[PDB]
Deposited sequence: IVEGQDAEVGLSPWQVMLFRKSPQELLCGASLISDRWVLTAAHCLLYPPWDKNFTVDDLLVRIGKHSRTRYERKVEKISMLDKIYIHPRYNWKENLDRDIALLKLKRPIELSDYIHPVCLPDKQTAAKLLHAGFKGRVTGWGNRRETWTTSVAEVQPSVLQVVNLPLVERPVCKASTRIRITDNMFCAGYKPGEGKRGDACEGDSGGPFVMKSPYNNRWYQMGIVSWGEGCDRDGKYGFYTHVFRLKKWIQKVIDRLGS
């Protein structure tokens, strides 16, 4: 996370670290959406252009953590995967369209004071909360510069409007992605960066006191570049498919 700050422990429970078995290595972010299901970006698993293609027997997940390195023995939970479901129409060749994935846990998870899911978006919430200017939040252990935090980081970024996102890149943008970030004249900074990928962009709803997962960190042209915004997967819209895998 570029231009963020340390998070208060217990800030983001639904924050999984997508780690690799050997040699140990962080690959991305993901989130807890249940006690057996994890959501992440598909490019974290399959991205052919870089020879990247992971199997269930290549990863682990360290659910519920704070210090990126010091394995906090009696508060954190490691787990192996059972399955990996990657959207079947995920465009990795062109624009990273539908860059979503659902990771199954070998066996369930003992929710704790530092582990618990994040709410998925329902039609009603999505409608009232997805408006430009409306800020959501990103957490992650990835680089703080285009160099890595000792603790989880946070940055709260505004949803930019559809036309401005499209005007900044030359990438065909789809219904399934939105962007967030500050525009050049705001003199406020922030962005996700390498390794924050797959992490969650959550927004809090005023009606009840719940946090919803609005989007999955996907791509960007650098990290915290002026006149460039960060793209996130539109969870609500791919939620139809989410139901299909968890069923």
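Within the chain's deposited sequence, the coordinate-free stretches run 147-154, 256-259 in sequence order.
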